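Protein chains in written order, with the deposited numbering: chain A, 68 to 334, 341 to 515; chain B, 68 to 334, 341 to 515; chain C, 68 to 334, 341 to 515; chain D, 68 to 334, 341 to 515.
Cβ coordinates follow ideal geometry from the N, Cα and C atoms, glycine included.
Number of protein chains: 4
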Amino acid sequence: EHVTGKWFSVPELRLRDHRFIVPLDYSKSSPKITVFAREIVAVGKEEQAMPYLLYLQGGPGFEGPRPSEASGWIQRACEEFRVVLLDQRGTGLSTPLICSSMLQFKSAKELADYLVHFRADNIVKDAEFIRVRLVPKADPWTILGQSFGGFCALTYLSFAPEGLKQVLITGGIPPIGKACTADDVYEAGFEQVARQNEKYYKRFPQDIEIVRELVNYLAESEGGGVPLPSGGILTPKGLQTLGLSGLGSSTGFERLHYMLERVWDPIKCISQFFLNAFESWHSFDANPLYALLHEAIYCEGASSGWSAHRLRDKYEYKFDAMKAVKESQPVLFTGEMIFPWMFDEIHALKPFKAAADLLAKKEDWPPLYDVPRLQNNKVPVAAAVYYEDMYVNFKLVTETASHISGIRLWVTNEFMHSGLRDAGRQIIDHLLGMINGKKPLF
Amino acid sequence: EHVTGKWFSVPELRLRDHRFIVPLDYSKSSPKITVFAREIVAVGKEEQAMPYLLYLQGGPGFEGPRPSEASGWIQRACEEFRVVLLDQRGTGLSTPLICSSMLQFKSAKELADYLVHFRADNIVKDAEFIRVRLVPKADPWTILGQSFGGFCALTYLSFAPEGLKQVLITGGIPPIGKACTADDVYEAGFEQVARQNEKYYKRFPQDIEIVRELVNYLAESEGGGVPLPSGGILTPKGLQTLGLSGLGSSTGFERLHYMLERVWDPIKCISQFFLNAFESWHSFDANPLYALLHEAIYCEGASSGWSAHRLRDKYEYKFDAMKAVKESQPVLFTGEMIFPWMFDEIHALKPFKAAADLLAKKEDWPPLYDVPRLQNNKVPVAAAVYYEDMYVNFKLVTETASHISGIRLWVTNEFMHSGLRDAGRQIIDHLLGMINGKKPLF
Amino acid sequence: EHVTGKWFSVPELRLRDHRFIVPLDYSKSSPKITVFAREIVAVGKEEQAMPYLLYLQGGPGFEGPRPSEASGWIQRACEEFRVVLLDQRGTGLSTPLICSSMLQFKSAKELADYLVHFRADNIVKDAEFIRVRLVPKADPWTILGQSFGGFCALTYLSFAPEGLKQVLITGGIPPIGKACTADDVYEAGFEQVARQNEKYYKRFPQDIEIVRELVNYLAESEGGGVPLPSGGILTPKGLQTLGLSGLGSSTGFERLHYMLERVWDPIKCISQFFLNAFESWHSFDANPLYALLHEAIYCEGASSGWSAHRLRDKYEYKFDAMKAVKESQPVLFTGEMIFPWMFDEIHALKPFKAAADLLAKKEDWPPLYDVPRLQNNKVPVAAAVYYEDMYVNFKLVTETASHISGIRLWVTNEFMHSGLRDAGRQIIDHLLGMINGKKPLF
Amino acid sequence: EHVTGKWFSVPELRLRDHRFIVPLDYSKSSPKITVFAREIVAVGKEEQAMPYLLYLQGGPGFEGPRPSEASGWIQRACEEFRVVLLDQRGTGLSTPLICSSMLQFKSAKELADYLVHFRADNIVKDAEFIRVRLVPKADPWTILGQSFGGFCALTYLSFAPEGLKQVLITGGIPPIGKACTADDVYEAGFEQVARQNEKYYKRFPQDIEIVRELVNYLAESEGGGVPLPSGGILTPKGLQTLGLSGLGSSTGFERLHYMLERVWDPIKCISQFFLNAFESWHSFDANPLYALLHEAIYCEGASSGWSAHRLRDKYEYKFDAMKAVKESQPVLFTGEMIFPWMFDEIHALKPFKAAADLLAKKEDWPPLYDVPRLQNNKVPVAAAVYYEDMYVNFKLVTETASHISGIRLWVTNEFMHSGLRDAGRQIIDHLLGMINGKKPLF
């Protein structure tokens, strides 16, 4: 089945939605799942024939862009192609996990045996099932991937590349060629996170006192922490994860500084504004799948359990906040990594504790890539690679770009990882300028 | 007492903060309060002598702009002025209301006798206490007021106008000349909110079914509502206040439509996402003063409080949700106003119940405006007045503009009330063009 | 018959003229009259298929635009449409009134029985008779109406609407729903003309002396006036009608001020330059039909016995020039209305005196509008409505816009009534932006 | 004696007027005349010290620019200079001639002995009398001369050059070095006027019929032809001067073509509109001095002996309209010259008939130019010269440019004689770019 809505309007855009019914798992008839996508076009061009473009979203569990005005990259794309945002399975309108009608999975083994169907290879088989119905003569199409969308795109070049005309990637090339790469990624991640912390305190020198006094207050508190309004607890380990977006975002440094002005109530206790802000800072309540799947995207065989938790002990002498305050050193924030204790501190994660360990123990994951095809690719590929990036290490990207046959790649220090959202207008022009041949090979 | 910080930077801007200590009540020496402001200038222009500009942010209890990039009206103003952003007393960093250290006020009577010092007349006396210290030779300056900032500006033209060079107002002219205007303002508001609901359903025709079906589910549920994650309750009265920002803001219609797609948990229950989003929708947890003082800004004598709660009985035949579903009519959302039951439903308002009654019973408020001075004013004034506004009635504004000697104004239907935050670049150019004399009087 | 000229050129435009032979009155065979129109297109696009657009000129009995360079609205319209410019029956090249052979009509009654065919409904029947011959497959077309063109456009929505794709109106919505609205229009008009005179003297304070001295000299002169070069007479009544164009035009105040500098010959007598300029100020020499029909366009039934003359007696306490100079008050100018004495003072009007009385005495005119159809219209309509307009009262327009089913409109203060001719480039873009759906309904 | 007005405003400009009392003849103490000028500046620069600029107007006896908005060259000039606009002695507000109380000159001998004080040399002595009072330290200033302003500028380089910083000229270099150049100028003029007529009929081929029919109707009519409304007469000689502005203007061809569509009243008689338009076509009513002085501007010692009337006899075989229609050739229009019969046909010129002869008969006119100084000039000069110009012969200009020591000039075929009023934005940038040294000598 395939069903289609009426057109509706937003300033300078026309939008429509489609819904599909698709297998939960291929090679068997049932269960079914439903998947959602929205087609977007410029005001006059509803029935006009044009090339179709697919957008793949920047994380393991986030909804698509949901635009409210013509702006940024969407405004540029829609003059030339047909933006088709698509909610990936397990998020948004595309069949998320149930709640209030409390979970149908009676035991953690049932949930663990269900969640394994949400890996990137099924998202490619799903995108194929769309294209062949949605594109009018079943022609090829072009794909744009941000972050985890680039991880999907390389599985798409690996399996069934016949549907692709050309591929655009921003900040999203994965490391490849091992059973589990997670140790190599996090080993480098802890070295780059130190740099980001130094640039922060170099820009705002007065904050070193604020964070040290706050860590002492948390450490001396009766429970080793203080209770949030939503029944979680703030602790110095929790405070060190506050930088997860704050050091990597295009706007993170300024937003983080304004929050640290607000810690103490007026005349001494922690302010209710600060507790409310901290409780609201990150999305594990709305997008719980992001905490569950984060280790698994690096696995193609033999697994590793809680790999970032193993690695931080290698750097404990600088990342332990309760050493840092005794040694009079500045405390360090952390980002894009998950730890076992985090399922106990954060109220939204409480019920997932058992299923998260069953996934962490799972061996025999199915493969995602095959280098023997990527080594003789014929599809045009263009990639933006940020140099000082916290989320994926440059040295791993630049060696992996050796295996793709025909990739064109550009390196820049000008942008943070968010750089398609902010200033995205010039990124699309620069990437299309390479594929379209207006900037030929040097 | 007066203290000043080091300069720091944001993309294309320079910022610094000043802090002052000021009397609670200007009739007395003590108690004393602290007040905060941030000076902003263009890159490298730190030492250069230039005219000052003051911005009054104009939510009835809200914090200042807190910028993170040069964009919108600030990017324009810094080409010509040294901008000052002020956190008003009792909010933001200017001595907010005490909690976490549990409330110093012994009873509702003590708290009520404290809150009465936070009116607009004290905010003017406070703004002049800054000017004489901050400006190099105590010279005049220019003021810009959005919304309640315009209410402040007319008290500033009424009392101590000698500090003003010229005045700019957006959407912010109050009605004047009566002991309490609140009844007339809400009487006009219910005529206009009906129109806004008609334009919404005309644009999104399928929503009529969704809201009717949701209201039945709430009305049939045990106790006539469902519990929020934070221990509040959702009821059809609570659902009618969902439109408060959603009908009046620039992006409100689109935002609201994307929220109503996600009500039902996939295969019957309300989704955890919808309850979490509804709990997050409005700011009464961060800004409790905005619920407390909202009626008092219309009073200069006998108050007759809970005026909006009297007035909706005149319109109950169309605003009753149960009559609407039984008569098969589309149910209506409601605008910016507050009702007694809201202090019971909303968890953040629970402790303020008794204090809100004492403020509704108080009946000897000090005056705000001085018409026998306004009728012979000599300061230049320019105002933007929106025609299809929801938050202030055009008919009351256009007659009140008769009482100011020198005023110029432009009526427009092109913008919603939020129209300084979106497209603010052309608003500042158009208003300055009148006062600066490049567009002489027709 | 239908005849068509050769193409010819103007800087950046291609032009051609068509001529048609049409009945003087429908439902009878004869006599015939000639109607004239000019098709205009951009440089390369003589034979390219494109949508047609019709322009309706804004003064009753005024001639078409006659362009001489690509500029203003015509330059923009030709980016999308094949523009048609129409000379209305009884003016321009479309059969104007004969004078040079002889005043042919035998008696004033014969002339009166001829003139009554020149109302708006016949102009719509001419436009229909053109479309079906000129448009290549007899498709619908779009119409643009400045001023009186809007009065025609509402008759076109009332009768034979099937030819219209979409409708654009500037400053041209008529009042409707009564037998004769003329008294209500002129009753409102004097309340606006008073404020225009206040804004004039507020801008040029020294002029009050000039007009008072000039009125005294005219009043003391033999016969209460002075003779013009063309044998008319200048009198203080004649002086008050300078304001017609002078207060309404986009450059009116400046033009008027530069004329009053040159009243006296240098050293006492009135200047030959001033008399020659005053004689040249009005258009009644070229457009006599504009003086004849001016009250008749408001009569849907009944009759008007010189309604503007009846109304000024209500305001004569301020509009009497002799009262003004005796009481030392500023004398007031007047505009956009005609009085019985004007046919005696103005040389070009002398022969029409008798026919103008018969048209004032006539009753039972044919009706112009069909409200029970306008109440269920389906054609898209967009209107520009000027807030401070001397020609048409905003308070009548804003209620009349209730009766049209689907109308969208923008109120603005920023343009005078001439705003489609002067700075008109943006008006066409703003009105098309509403109809074309780039700015969806708030 | 010197007096100054209040500032007043026009869109994007500030204006003020000054008035001076000046000798009629500088060799005498009396009588005295009034001279008027208006200073113009951009918004807010009223008190700022800046270089002054003087503008000298296009034709003998024409009034100054009288701006109504910032547009054209004035908008650009005010970016750098404080502009001064001068009404020349004997025209505009600078003491014009007088009617109403008839004419003070009881005899043509008195008027003839009075008018000789209005030549170009006295205009330079007026400009020096102003500068020394108006410029704050009696510094030098820059002059911009259009057409006859260029004739003034070469006398200003010939006598008292010490006040000039730099000189700009458009289309205005006079021929020099003989006692009366008028015969040489009019001998060349007919060789250009013939080519302008060829280009007109080549562009509008159908007009040849219209002018031939209209000439026959005039010629067969009783007496000279048809009476005008103002008591003049239209005759075939009168028709040949209709093209005077019509061939020379930047828009003239199109305006002339539209007027020739209107010649007949509908069903054969000459139309009332055409007679009124023709009577209004040229300015001898408003600027009578332009007809009286026109030949005298070429004379030094020798007579202005009706040279244009002597010269057309050399070309009469093609310029006689009656020969042209009998031989079936297209009739030719004429321009920029005056004939003795014109004082009989044109009602505005009737009283000057005797005085015009006494000027034409004069000898011993004082000299205007000083070639032994111009050949060793040191002031910078830049000139725009038009190749296909009807007013001044390019061949006479380019030999005269040999006698100026340092002149830079540019020759183009891009502009008609009126170019400064239309392309003025780029003309002023190009000429300043030569003087300022941004385009150095090739």
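- Task: Go ahead and pull the three-state DSSP assignment for D:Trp354.
- Result: Note: D:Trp354 maps to coil in three-state DSSP.
- Message: Quick check on DSSP: helix, strand or coil for D:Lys451?
- Response: Shown here, D:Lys451 sits in coil according to DSSP, grouped into three states, outside any helix or strand.
- Item | A:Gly216 (DSSP reduced to helix, strand or coil) | DSSP places A:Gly216 in helix when its eight states are reduced to three.
- Query: For the candidate residues A:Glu389, A:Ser316, A:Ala474, whose alpha-carbon lies nearest to that of residue 17 of chain A?
  - Reply: No answer is possible for residue 17 of chain A: it lies beyond the span of chain A, which begins at 68 and ends at 515.
- Query: Count the other CB atoms within 10 Å of the CB of D:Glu106; is the residue buried (16 or more) or exposed (fewer)?
  - Reply: D:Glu106 should be labelled buried.
- Item | Span of the alpha helix (DSSP H), counted from its first residue to its last, around B:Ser76 | Segment 75 to 77 is the beta strand (DSSP E) holding B:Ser76; no alpha helix (DSSP H) there.
- Do you know offhand how far D:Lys266's Cα is from C:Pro134's? The alpha-carbon atoms of D:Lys266 and C:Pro134 are separated by roughly 21 Å.
- Task: Please list the partners that A:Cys342 has in chain B, where partner means a Cβ-to-Cβ separation under 7 Å.
- Result: Going along chain B in sequence order, the residues near A:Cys342 (Cβ under 7 Å) are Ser167, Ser168.
- Checking contacts by CB at 8 Å: is C:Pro513 closer than that to chain A? Closer than 8 Å: yes.
- Message: Can you give me the C-alpha to C-alpha distance between B:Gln142 and B:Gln499, rounded to a whole angstrom?
- Response: Distance from the CA of B:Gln142 to the CA of B:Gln499, rounded to the nearest whole angstrom, comes to 12 Å.
- CA nearest to the CA of C:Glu409, picked from C:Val151, C:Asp417, C:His490, C:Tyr93: Of the listed residues, the one whose Cα sits closest to C:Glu409 is C:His490.
- Out of curiosity, what's the CA-to-CA distance linking A:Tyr388 and A:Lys269? The alpha-carbon atoms of A:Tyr388 and A:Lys269 are separated by roughly 22 Å.
- Message: For a contact defined as C-beta to C-beta under 8 Å, what are the partners of D:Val89 on chain C?
- Response: Neighbours of D:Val89 on chain C: none; closest Cβ ~14 Å, over 8 Å.
- Query: With a Cβ-Cβ cutoff of 8 Å, do A:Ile411 and A:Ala369 count as a contact?
  - Reply: Cβ atoms of A:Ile411 and A:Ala369: not closer than 8 Å.
- Range of the contiguous alpha helix (DSSP H) that encloses C:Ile190: Residues 187 to 201.
- Task: State buried or exposed for A:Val252, treating a residue as buried only when at least 16 other CB atoms are found within 10 Å of its CB.
- Result: For A:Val252, the number of other beta carbons within 10 angstroms of its own is at least 16, and it is reported as buried.
- Task: Check whether the region 243 to 250 of chain A touches the region 202 to 217 of chain A, counting contact only when three or more Cβ pairs, one atom from each stretch, lie closer than 8 Å.
- Result: They do not touch, by the three-pair rule.
- Expressed to the nearest angstrom, what Euclidean distance is found between the alpha-carbon atoms of C:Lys99 and C:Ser161? When rounded, the separation of the alpha-carbon atoms in C:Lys99 and C:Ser161 is 12 Å.
- Members of the region 313 to 332 of chain C that neighbour chain D once the beta carbon cut-off is set at 8 Å: From the region 313 to 332 of chain C, only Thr318, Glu321, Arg322, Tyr325, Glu328, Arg329, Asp332 have a Cβ closer than 8 Å to chain D.
- Anyone know if the C-beta pair for C:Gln345 and D:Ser167 falls short of 8 Å? Yes, they are a contact pair.
- Within 10 angstroms of its Cβ, does D:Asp193 collect 16 or more other Cβ (buried), or is it exposed? Buried, since its Cβ has 16 or more Cβ neighbours within 10 Å.
- Message: So C:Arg270 contacts chain B; which residues on that side make the cut at Cβ distance below 8 Å?
- Response: Within chain B, the residues near C:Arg270 are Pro513, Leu514.
- Report yes if the C-beta distance between B:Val470 and B:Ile275 is below 8 Å; otherwise report no. With respect to B:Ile275, B:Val470 sits apart: the two C-beta atoms are not nearer than 8 Å.
- Message: Here's the rule I'm using: 16 or more other beta-carbon atoms within 10 Å means buried, otherwise exposed. How should C:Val151 be labelled?
- Response: Per the 10 Å Cβ criterion, buried.
- Query: Within 8 Å (strictly less), CB to CB, does B:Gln345 reach chain A?
  - Reply: Interface annotation, B:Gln345: in contact with chain A, CB-CB separation under 8 Å.
- Message: Is B:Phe515 near the ligand ATP - that is, is its Cβ less than 7 Å away from at least one heavy atom of it?
- Response: Among the components of this structure there are no ligands whatsoever, and the ligand ATP is therefore not found.
- Would you call the CB atoms of A:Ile165 and B:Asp332 closer than 8 Å? A contact, by the Cβ cut-off of 8 Å.
- B:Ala175 and B:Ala427: beta carbons closer than 8 Å? Taking 8 Å as the cut-off, the Cβ atoms of B:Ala175 and B:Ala427 count as close.
- Query: With a CB to CB cut of under 6 Å and the five nearest residues on each side skipped, what residues in its chain are close to residue 339 of chain C?
  - Reply: Between 334 and 341, chain C has no modelled residues, and residue 339 of chain C is one of the positions in that gap.
- Task: Give me whichever residues DSSP pairs with A:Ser94 in a beta bridge.
- Result: Per DSSP, none; premise fails for A:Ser94.
- Message: Is it buried or exposed, A:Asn509, if we count other Cβ atoms within 10 angstroms and call 16 or more buried?
- Response: Answer is exposed; the Cβ neighbour count stays below 16.
- Message: For the alpha helix (DSSP H) containing residue 340 of chain A, name the first residue and the last one.
- Response: There are no coordinates for residue 340 of chain A in this structure, because the numbering of chain A runs from 334 directly to 341.
- Going straight from the alpha carbon of C:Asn264 to that of D:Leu170, what length do you get? Pairing C:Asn264 with D:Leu170, the inter-Cα distance amounts to about 37 Å.
- Query: Do you know offhand how far C:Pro403's Cα is from C:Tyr284's?
  - Reply: Straight-line Cα distance between these residues: approximately 16 Å.
- Where do the N-terminal and C-terminal ends of the beta strand (DSSP E) with C:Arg329 fall, by residue? Going by DSSP, C:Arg329 is part of no beta strand (DSSP E) at all; its letter is neither H nor E.
- From the beta carbon of B:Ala116, is the nearest beta carbon of chain A less than 8 Å away? Judged by the 8 Å Cβ criterion, B:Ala116 is not in contact with chain A.
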